[PDB]
>>> print(open('model-v6.txt').read())   # compact mmCIF, C-alpha atoms
# COMPACT_ATOMS: atom_id res chain seq x y z
CA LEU A 1 127.62 154.89 44.92
CA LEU A 2 127.89 157.45 47.75
CA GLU A 3 126.08 157.76 51.12
CA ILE A 4 124.58 160.79 52.78
CA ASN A 5 127.09 163.17 54.36
CA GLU A 6 129.72 161.39 52.28
CA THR A 7 131.37 163.36 49.49
CA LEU A 8 133.87 162.76 46.70
CA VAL A 9 137.52 163.76 46.98
CA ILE A 10 139.26 162.55 43.78
CA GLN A 11 138.84 159.91 41.09
CA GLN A 12 141.99 158.52 39.52
CA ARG A 13 142.42 155.69 36.99
CA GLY A 14 144.95 153.02 36.01
CA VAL A 15 145.08 151.58 39.52
CA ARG A 16 146.17 148.09 40.49
CA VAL A 17 145.56 146.32 43.78
CA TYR A 18 148.18 143.82 44.99
CA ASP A 19 147.86 141.65 48.14
CA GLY A 20 151.38 140.98 49.34
CA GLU A 21 153.73 140.85 46.41
CA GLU A 22 152.07 139.55 43.26
CA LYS A 23 153.08 138.15 39.91
CA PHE A 24 146.52 142.40 40.61
CA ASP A 25 143.33 144.12 39.40
CA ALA A 26 143.10 146.99 36.90
CA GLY A 27 140.51 149.75 37.05
CA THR A 28 139.87 153.01 38.87
CA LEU A 29 140.32 153.70 42.60
CA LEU A 30 137.95 156.41 43.95
CA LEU A 31 138.64 158.00 47.38
CA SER A 32 135.96 159.75 49.40
CA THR A 33 135.45 161.46 52.73
CA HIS A 34 134.43 158.19 54.37
CA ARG A 35 135.21 155.23 52.07
CA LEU A 36 137.99 153.97 49.84
CA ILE A 37 135.82 153.06 46.85
CA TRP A 38 137.07 150.67 44.15
CA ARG A 39 135.25 150.19 40.83
CA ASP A 40 136.70 147.42 38.68
CA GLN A 41 137.37 147.03 34.96
CA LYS A 42 134.88 144.14 34.69
CA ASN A 43 131.54 145.87 35.39
CA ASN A 44 129.68 142.56 36.09
CA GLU A 45 130.79 142.71 39.72
CA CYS A 46 131.81 146.35 39.56
CA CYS A 47 132.33 148.48 42.66
CA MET A 48 133.73 146.48 45.61
CA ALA A 49 135.96 147.55 48.54
CA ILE A 50 135.08 150.46 50.85
CA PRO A 51 137.17 150.48 54.08
CA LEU A 52 138.20 154.00 55.29
CA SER A 53 137.76 153.87 59.04
CA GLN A 54 139.65 150.61 59.29
CA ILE A 55 142.77 151.42 57.21
CA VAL A 56 145.27 151.70 60.07
CA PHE A 57 148.20 153.29 58.25
CA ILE A 58 149.28 154.21 54.69
CA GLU A 59 152.71 154.84 53.17
CA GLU A 60 154.75 154.75 49.95
CA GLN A 61 156.80 151.72 48.88
CA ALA A 62 158.80 152.67 45.79
CA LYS A 63 152.98 153.01 44.55
CA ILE A 64 150.94 153.54 47.74
CA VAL A 65 150.55 150.86 50.43
CA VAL A 66 147.50 150.43 52.71
CA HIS A 67 147.43 148.43 55.95
CA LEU A 68 143.65 148.08 55.99
CA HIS A 69 143.20 145.92 59.04
CA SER A 70 149.76 133.67 58.23
CA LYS A 71 147.83 136.25 56.18
CA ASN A 72 148.95 139.52 54.60
CA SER A 73 148.62 142.76 56.55
CA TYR A 74 148.05 145.06 53.59
CA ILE A 75 147.25 145.61 49.92
CA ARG A 76 149.12 148.00 47.73
CA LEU A 77 148.10 150.36 44.98
CA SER A 78 150.09 151.01 41.81
CA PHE A 79 149.46 154.15 39.77
CA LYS A 80 150.22 153.27 36.15
CA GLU A 81 148.34 156.24 34.70
CA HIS A 82 149.91 159.27 36.36
CA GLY A 83 147.99 160.39 39.44
CA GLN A 84 150.29 159.49 42.35
CA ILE A 85 151.05 161.80 45.33
CA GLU A 86 148.05 164.00 44.65
CA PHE A 87 146.30 160.87 45.88
CA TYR A 88 148.77 160.09 48.66
CA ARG A 89 148.22 163.59 49.95
CA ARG A 90 144.42 163.35 49.82
CA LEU A 91 144.37 159.76 51.15
CA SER A 92 146.41 160.65 54.24
CA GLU A 93 144.59 163.92 54.96
CA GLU A 94 141.15 162.35 54.73
CA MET A 95 141.94 158.98 56.34
CA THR A 96 143.45 160.44 59.55
CA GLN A 97 140.36 162.53 60.49
CA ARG A 98 138.20 159.44 59.99
CA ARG A 99 138.35 158.18 63.59
CA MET B 1 148.17 154.47 83.22
CA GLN B 2 148.15 151.52 80.82
CA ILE B 3 147.79 151.81 77.05
CA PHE B 4 147.14 149.16 74.44
CA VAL B 5 149.06 148.60 71.21
CA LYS B 6 147.07 146.43 68.82
CA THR B 7 148.88 144.38 66.15
CA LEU B 8 147.44 143.62 62.73
CA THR B 9 146.60 140.11 64.06
CA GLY B 10 144.12 141.64 66.37
CA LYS B 11 146.50 141.04 69.23
CA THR B 12 146.55 143.55 72.05
CA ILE B 13 149.58 144.28 74.20
CA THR B 14 148.52 145.81 77.50
CA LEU B 15 151.32 148.21 78.43
CA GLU B 16 151.58 150.01 81.75
CA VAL B 17 153.20 153.44 81.15
CA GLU B 18 153.47 157.10 82.13
CA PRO B 19 153.15 160.29 80.04
CA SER B 20 156.81 161.06 80.69
CA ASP B 21 157.47 157.87 78.72
CA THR B 22 159.12 158.16 75.35
CA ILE B 23 158.18 156.30 72.15
CA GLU B 24 161.35 154.22 71.94
CA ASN B 25 160.84 153.33 75.61
CA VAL B 26 157.39 152.12 74.62
CA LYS B 27 158.96 150.07 71.84
CA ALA B 28 161.19 148.54 74.49
CA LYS B 29 158.18 147.28 76.39
CA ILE B 30 156.79 145.88 73.09
CA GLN B 31 159.94 143.88 72.48
CA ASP B 32 160.14 142.66 76.08
CA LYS B 33 157.00 140.66 75.41
CA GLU B 34 156.49 140.26 71.67
CA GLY B 35 159.90 139.64 70.16
CA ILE B 36 159.65 142.52 67.65
CA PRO B 37 162.85 144.54 67.36
CA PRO B 38 162.27 148.31 67.85
CA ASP B 39 163.91 148.77 64.39
CA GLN B 40 160.88 147.24 62.74
CA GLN B 41 158.21 148.83 64.95
CA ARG B 42 156.07 151.83 63.99
CA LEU B 43 153.58 152.79 66.73
CA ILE B 44 150.64 154.40 64.96
CA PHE B 45 148.00 156.69 66.40
CA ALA B 46 145.05 157.93 64.35
CA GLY B 47 147.08 157.77 61.15
CA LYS B 48 149.85 159.89 62.64
CA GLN B 49 153.14 158.02 63.05
CA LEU B 50 154.85 158.53 66.42
CA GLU B 51 158.53 159.52 66.29
CA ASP B 52 161.02 158.23 68.91
CA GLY B 53 162.51 161.25 70.71
CA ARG B 54 159.01 162.39 71.71
CA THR B 55 157.15 161.53 74.93
CA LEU B 56 153.56 160.27 74.83
CA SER B 57 152.69 163.56 76.46
CA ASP B 58 153.69 165.39 73.26
CA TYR B 59 151.05 163.48 71.36
CA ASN B 60 148.42 164.06 74.07
CA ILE B 61 147.81 160.38 74.61
CA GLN B 62 145.58 159.50 77.55
CA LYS B 63 144.88 156.55 79.81
CA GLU B 64 143.54 153.38 78.13
CA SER B 65 144.10 154.82 74.62
CA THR B 66 144.72 152.55 71.63
CA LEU B 67 147.80 152.76 69.41
CA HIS B 68 148.59 150.41 66.54
CA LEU B 69 151.69 148.44 65.57
CA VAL B 70 152.68 148.12 61.89
CA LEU B 71 155.88 146.35 60.82
CA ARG B 72 158.16 148.20 58.39
CA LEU B 73 157.78 146.77 54.84
>>> encode(input="model-v6.txt", output="structure tokens")
Amino acid sequence: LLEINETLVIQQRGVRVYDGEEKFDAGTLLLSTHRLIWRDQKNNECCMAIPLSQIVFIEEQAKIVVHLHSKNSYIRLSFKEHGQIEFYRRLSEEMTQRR
Amino acid sequence: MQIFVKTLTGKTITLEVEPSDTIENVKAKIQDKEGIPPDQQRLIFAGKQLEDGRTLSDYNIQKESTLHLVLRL
């Protein structure tokens, strides 16, 4: 599900999406030149989130955190299936020139 | 000039500053009107994080720009 002038960067699986700290959602996070695509494990409502222009700042916690915008400021991504820091690199590089 | 540092609440702090101003100095202003200790502040600018011993000038920040505030986890 990509727009014109928008291209793929990397697809990595085994991702989880936590709000603040949580006792998540499994599936595959897909980054792109313009959006932070997220296709879920349960196809029925597959393919949701797509910020990337709003994500203010990203960092590492211990997993990669994303401050997308009483309520939580961010969501965090866990990389169970190895694919971390190849993603952190490509998420920072692409997100910063998206102003 | 005066810059604005938006918080993740959508709050905007209107700060009056100069290019010769340093980042920690800027965090001082922040705290003199928002409570936030400079220890927890992280002034962001287009993804790039702004380090303390560097003047706004070094980041080529202009009048009425917009920086963001993100509390350390």
>>> residues_near_point(input="model-v6.txt", point="(154.4, 147.3, 47.3)", cutoff="9 Å", atoms="all atoms listed in the file", output="list in words")
residues 18, 19, 20, 21, 60, 61, 62, 63, 64, 65, 75, 76, 77 and 78 of chain A; 73 of chain B
>>> residues_around(input="model-v6.txt", residues="residue 61 (chain B)", least_positions_apart="4", cutoff="10 Å", atoms="only C-alpha atoms", output="ChimeraX atom specification")
/B:3,18-19,45,55-57,65-67
>>> write_last_selection(input="model-v6.txt", atoms="C-alpha atoms", output="mmCIF file, in the frame of the given file")
data_model
loop_
_atom_site.group_PDB
_atom_site.id
_atom_site.type_symbol
_atom_site.label_atom_id
_atom_site.label_comp_id
_atom_site.auth_asym_id
_atom_site.auth_seq_id
_atom_site.Cartn_x
_atom_site.Cartn_y
_atom_site.Cartn_z
ATOM 1 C CA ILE B 3 147.790 151.810 77.050
ATOM 2 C CA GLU B 18 153.470 157.100 82.130
ATOM 3 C CA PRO B 19 153.150 160.290 80.040
ATOM 4 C CA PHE B 45 148.000 156.690 66.400
ATOM 5 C CA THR B 55 157.150 161.530 74.930
ATOM 6 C CA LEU B 56 153.560 160.270 74.830
ATOM 7 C CA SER B 57 152.690 163.560 76.460
ATOM 8 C CA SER B 65 144.100 154.820 74.620
ATOM 9 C CA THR B 66 144.720 152.550 71.630
ATOM 10 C CA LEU B 67 147.800 152.760 69.410
#
>>> interface_residues(input="model-v6.txt", of="chain A", to="chain B", cutoff="8 Å", atoms="all atoms listed in the file", output="short mmCIF file (atom, residue, chain, number, x, y, z; two decimals) with C-alpha atoms, in the coordinates of the input")
data_model
loop_
_atom_site.label_atom_id
_atom_site.label_comp_id
_atom_site.auth_asym_id
_atom_site.auth_seq_id
_atom_site.Cartn_x
_atom_site.Cartn_y
_atom_site.Cartn_z
CA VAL A 56 145.27 151.70 60.07
CA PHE A 57 148.20 153.29 58.25
CA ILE A 58 149.28 154.21 54.69
CA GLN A 61 156.80 151.72 48.88
CA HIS A 67 147.43 148.43 55.95
CA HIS A 69 143.20 145.92 59.04
CA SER A 73 148.62 142.76 56.55
CA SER A 92 146.41 160.65 54.24
CA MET A 95 141.94 158.98 56.34
CA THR A 96 143.45 160.44 59.55
CA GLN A 97 140.36 162.53 60.49
CA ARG A 99 138.35 158.18 63.59
#
>>> residues_around(input="model-v6.txt", residues="residue 11 (chain A)", least_positions_apart="2", cutoff="7 Å", atoms="only C-alpha atoms", output="PyMOL selection string")
chain A and resi 13+29-31
>>> atom_distance(input="model-v6.txt", atom1="CA of residue 33 (chain A)", atom2="CA of residue 50 (chain B)")
23.9 Å
>>> atom_distance(input="model-v6.txt", atom1="CA of residue 16 (chain B)", atom2="CA of residue 72 (chain B)")
24.3 Å
>>> residues_around(input="model-v6.txt", residues="residue 14 (chain A)", least_positions_apart="5", cutoff="12 Å", atoms="all atoms listed in the file", output="list in words")
residues 24, 25, 26, 27, 28, 29, 30, 38, 39, 40, 41, 63, 77, 78, 79, 80, 81, 82, 83 and 84 of chain A
>>> atom_distance(input="model-v6.txt", atom1="CA of residue 22 (chain B)", atom2="CA of residue 52 (chain B)")
6.7 Å
>>> residues_around(input="model-v6.txt", residues="residue 9 (chain A)", least_positions_apart="2", cutoff="12 Å", atoms="all atoms listed in the file", output="ChimeraX atom specification")
/A:2,6-7,11-12,29-37,86-95
>>> residues_around(input="model-v6.txt", residues="residue 30 (chain B)", least_positions_apart="5", cutoff="10 Å", atoms="all atoms listed in the file", output="list in words")
residues 5, 13, 14, 15, 24, 25, 35, 36, 37, 38, 41, 43 and 69 of chain B
>>> build_atoms(input="model-v6.txt", residues="region 6-18 of chain A", atoms="N, CA, C and O atoms", output="PDB file, in the frame of the given file")
ATOM      1  N   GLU A   6     128.475 161.882  52.846  1.00  0.00           N
ATOM      2  CA  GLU A   6     129.720 161.390  52.280  1.00  0.00           C
ATOM      3  C   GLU A   6     129.930 162.119  50.963  1.00  0.00           C
ATOM      4  O   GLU A   6     129.008 162.204  50.153  1.00  0.00           O
ATOM      5  N   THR A   7     131.126 162.644  50.735  1.00  0.00           N
ATOM      6  CA  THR A   7     131.370 163.360  49.490  1.00  0.00           C
ATOM      7  C   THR A   7     132.645 162.902  48.812  1.00  0.00           C
ATOM      8  O   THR A   7     133.525 162.329  49.454  1.00  0.00           O
ATOM      9  N   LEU A   8     132.727 163.160  47.511  1.00  0.00           N
ATOM     10  CA  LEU A   8     133.870 162.760  46.700  1.00  0.00           C
ATOM     11  C   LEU A   8     135.065 163.649  46.941  1.00  0.00           C
ATOM     12  O   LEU A   8     134.923 164.818  47.267  1.00  0.00           O
ATOM     13  N   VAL A   9     136.248 163.066  46.798  1.00  0.00           N
ATOM     14  CA  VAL A   9     137.520 163.760  46.980  1.00  0.00           C
ATOM     15  C   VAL A   9     138.259 163.798  45.646  1.00  0.00           C
ATOM     16  O   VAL A   9     138.503 164.879  45.127  1.00  0.00           O
ATOM     17  N   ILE A  10     138.621 162.634  45.102  1.00  0.00           N
ATOM     18  CA  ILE A  10     139.260 162.550  43.780  1.00  0.00           C
ATOM     19  C   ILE A  10     139.080 161.180  43.154  1.00  0.00           C
ATOM     20  O   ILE A  10     139.059 160.168  43.850  1.00  0.00           O
ATOM     21  N   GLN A  11     138.961 161.156  41.833  1.00  0.00           N
ATOM     22  CA  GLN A  11     138.840 159.910  41.090  1.00  0.00           C
ATOM     23  C   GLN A  11     140.091 159.798  40.234  1.00  0.00           C
ATOM     24  O   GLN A  11     140.421 160.719  39.487  1.00  0.00           O
ATOM     25  N   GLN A  12     140.804 158.686  40.346  1.00  0.00           N
ATOM     26  CA  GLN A  12     141.990 158.520  39.520  1.00  0.00           C
ATOM     27  C   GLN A  12     141.946 157.114  38.939  1.00  0.00           C
ATOM     28  O   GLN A  12     141.492 156.185  39.608  1.00  0.00           O
ATOM     29  N   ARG A  13     142.416 156.971  37.697  1.00  0.00           N
ATOM     30  CA  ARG A  13     142.420 155.690  36.990  1.00  0.00           C
ATOM     31  C   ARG A  13     143.761 154.932  36.899  1.00  0.00           C
ATOM     32  O   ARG A  13     144.776 155.334  37.474  1.00  0.00           O
ATOM     33  N   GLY A  14     143.747 153.817  36.173  1.00  0.00           N
ATOM     34  CA  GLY A  14     144.950 153.020  36.010  1.00  0.00           C
ATOM     35  C   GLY A  14     145.500 152.414  37.299  1.00  0.00           C
ATOM     36  O   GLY A  14     146.707 152.185  37.424  1.00  0.00           O
ATOM     37  N   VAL A  15     144.632 152.145  38.265  1.00  0.00           N
ATOM     38  CA  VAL A  15     145.080 151.580  39.520  1.00  0.00           C
ATOM     39  C   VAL A  15     145.077 150.059  39.530  1.00  0.00           C
ATOM     40  O   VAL A  15     144.289 149.404  38.833  1.00  0.00           O
ATOM     41  N   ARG A  16     145.997 149.518  40.319  1.00  0.00           N
ATOM     42  CA  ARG A  16     146.170 148.090  40.490  1.00  0.00           C
ATOM     43  C   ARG A  16     146.133 147.830  41.989  1.00  0.00           C
ATOM     44  O   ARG A  16     146.547 148.675  42.782  1.00  0.00           O
ATOM     45  N   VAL A  17     145.629 146.667  42.373  1.00  0.00           N
ATOM     46  CA  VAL A  17     145.560 146.320  43.780  1.00  0.00           C
ATOM     47  C   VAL A  17     146.244 144.977  44.064  1.00  0.00           C
ATOM     48  O   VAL A  17     145.696 143.920  43.756  1.00  0.00           O
ATOM     49  N   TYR A  18     147.436 145.025  44.652  1.00  0.00           N
ATOM     50  CA  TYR A  18     148.180 143.820  44.990  1.00  0.00           C
ATOM     51  C   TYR A  18     147.935 143.436  46.448  1.00  0.00           C
ATOM     52  O   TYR A  18     147.651 144.311  47.270  1.00  0.00           O
TER      53      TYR A  18
END
